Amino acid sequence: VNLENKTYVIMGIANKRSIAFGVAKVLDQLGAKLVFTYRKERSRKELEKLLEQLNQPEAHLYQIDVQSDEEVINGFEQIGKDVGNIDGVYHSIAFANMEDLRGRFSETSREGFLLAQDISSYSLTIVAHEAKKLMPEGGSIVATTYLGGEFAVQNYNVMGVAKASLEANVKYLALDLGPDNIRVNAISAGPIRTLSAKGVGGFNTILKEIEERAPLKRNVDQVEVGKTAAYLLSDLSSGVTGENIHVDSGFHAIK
């Protein structure tokens, strides 16, 4: 898995704990050139501090709020103009309101339901469409999902239906972009303490149950997600598309 002369766009770093920063460290250690997108200026500030730990000689940073068609379209356009064609995209982006991540799913508001779909699922579709322009010879797109997309997990509520939606998006993108030699896959990460995890009720309980019940008896971390991202984004996974790899200590496989 040597990645020199490969370029990947990593979307969704907010701070040192981000799953996307685990990917960035692994890709960067494997010699890839990296392009980062962020939403909040605070995330750019963190990226600028975090880039100090990476071997990248150039900070390539773009503000892309995936709610904006304009900003995805012009951001990727700009990316191509600055770094030329790319090899793949790591999508690590999701959002829901706090109100909708605890108590009763049946009480989800329409606006909070469509908000989570728009940011956490649709964003992959329009990103794939725009990123495909920069991959005339093929490439690899990987999104980050959670087991809550496949089963009802307590408290995960609106996010789970948005992850179900994301995991299908991956399948439909895989079929549609296959003839272009663009692979599309998801990683299903086990619970990891991030800024977003703070919004999920019951999160400490979830971690504990993994240590008690998952086959490896331990939690996974961000670098483990990254190592599997390196596989998915690289030629090691030629042949693999429409797939969902659980990086979760085995927990998906047990009841």
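Just count from 1 along the sequence shown to find any residue number. We call the rigid core whatever largest set of C-alpha positions still superposes within 1.5 Å between the two forms.
Between 155-163 and 134-142, the larger root mean square Cα shift in 9 other deposited structures of this protein, once each structure is superposed on the rigid core, falls on 155-163. Where the structures in 9 other deposited structures of this protein are fitted on the rigid core, 206-214 is the one of 58-66 and 206-214 whose C-alphas sit farther from the shown form on average.
Annotation for 87-95 versus 133-141: the higher mean temperature factor (C-alpha) is found in 133-141. When 200-208 is weighed against 214-222, 200-208 comes out higher, by mean CA B-factor as recorded in the entry. The PDB entry assigns its highest CA temperature factor, among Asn157, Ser123, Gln78, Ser165, to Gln78. The residue among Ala189, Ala186, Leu195, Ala229 whose C-alpha atom has the highest B-factor in the PDB entry is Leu195.
Sort the chain's modelled residues by C-alpha temperature factor and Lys171 lands in the lowest third, per the entry. For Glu107, the recorded CA temperature factor ranks within the middle third of the chain's modelled residues. When all modelled residues of the chain are sorted by CA temperature factor, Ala116 is found within the lowest third.
In the PDB entry, a CA B factor belonging to the middle third of its chain's modelled residues is recorded for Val127.
When all modelled residues of the chain are sorted by CA temperature factor, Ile182 is found within the middle third.
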